[PDB]
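Okay, structure first, notes after.
Residue numbers (PDB author numbering): 1 to 36.
If you want it as structure tokens, here you go:
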């Protein structure tokens with residue numbers, strides 16, 4: 001049970017660079033960062 005709260009535009013931006021470690025863009029965009 002999860003869903004990306006943050007906008008895809010930002011999410012991808014974090015992943016691209018590899019800032020997935022940061023919680024700021026992990027709790028919301030779980031589908032992207034968490035990969036659930």
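Ideal Cβ positions, reconstructed from N, Cα and C, are used throughout, including at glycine.
CB of residue i within 8 Å of CB of residue j, strictly
i          : j          : result
residue 42 : residue 26 : Within the shown structure, residues of the chain are numbered from 1 to 36, placing residue 42 beyond reach of any answer.
residue 6  : residue 29 : yes
Start-to-end residues for the alpha helix (DSSP H) that takes in residue i
i          : result
residue 12 : 8-17
Coarse secondary structure for residue i, derived from DSSP in three states
i          : result
residue 20 : helix
residue 36 : coil
residue 2  : coil
C-beta neighbour in chain D for residue i, strict 8 Å
i         : result
residue 8 : Included in the structure is just one protein chain, with no chain D present.
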